[PDB]
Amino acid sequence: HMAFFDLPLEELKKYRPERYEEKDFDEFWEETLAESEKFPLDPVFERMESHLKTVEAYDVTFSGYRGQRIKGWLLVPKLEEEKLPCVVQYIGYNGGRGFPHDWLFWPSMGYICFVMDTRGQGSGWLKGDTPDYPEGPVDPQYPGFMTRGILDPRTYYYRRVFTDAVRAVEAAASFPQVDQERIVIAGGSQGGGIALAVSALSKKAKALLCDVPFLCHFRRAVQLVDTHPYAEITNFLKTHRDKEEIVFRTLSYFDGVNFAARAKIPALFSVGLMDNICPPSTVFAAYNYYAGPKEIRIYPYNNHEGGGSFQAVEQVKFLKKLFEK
């Protein structure tokens, strides 16, 4: 067999495929957010009995999509400064909020960390505590989250997740020790696709950290790789042979490329050139359309792990320099 390869790096850097979105993309999202804003946010922070000594940990509950109650953690490092910067952290596919001690990186660097639990997931590599609540009937689907409600953008799973995620920034901003001028939205892989949505839809985010982003350039992802989770879509289309146009129409409303074209905040991206889960052409498509000030860290030899702890160093340096003005 042939080892994975995408477009050459010189082509990746110029890759700007034709965008496809419906004319009501913005109106869809405006209505979605307006509907959810009719419910009070009702943020709840409850301090936990914990063995943690350098951080205070809080159980979080807030109202996400249509008032539905989403879990999280808030880790506050024990420091003298009265207002601290904050990272809102979104989680990779099949993960959930786990335990507070699973998210010590940002607090150790002096940042408040808001970890948003992902509705209905939390059963693959880290446990979760938040259910999904569907729009009535749960249509035929392929196992997983990628095709859950895919026949209509109004019923699609990521409509609810992205709305949760925009509301999570509001919930973080409500914590009294959070410096609202230094709120960062962050994620890798599904988390990066969520953060990319939030960068276009939120008014409160001040910077984006976007690693090896998933949920980008769907039509290309499906043709390029046979890995999960993009293969969920392919397997659905293999069966539902009459639904191709509808499937990609729905997905157009949730595509990171279309959000990137609307985002204005400063962003640090990362990409692995041998990543066969989130292919480099899908990541570069999103990066290249990203409309805010931007940088990308390129890891030529890395698969889905990306830059690992090297990239974490880059992120801390990037934010320090940004927030010095």
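Residues carry their position along the shown sequence, with the first being 1.
Stretch comparison (217 to 225 versus 232 to 240) by mean CA B-factor in the PDB entry places 217 to 225 on top. Judged by mean Cα B factor in the deposited record, 3 to 11 ranks above the other of 314 to 322 and 3 to 11. Between the residues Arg249, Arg160, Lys78, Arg167, it is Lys78 that shows the highest Cα B-factor in the PDB record. Taking only the listed residues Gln180, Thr155, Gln121, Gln89, the entry reports the highest CA temperature factor at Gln180.
The entry lists a Cα temperature factor for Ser199 that places it in the middle third of the chain's modelled residues. Ranked by C-alpha B-factor against the other modelled residues of its chain, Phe28 falls in the middle third. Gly64: CA B factor lies in the middle third for its chain, per the PDB record.
When the modelled residues of the chain are ordered by C-alpha B-factor, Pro176 sits in the highest third. When all modelled residues of the chain are sorted by CA temperature factor, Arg97 is found within the lowest third.
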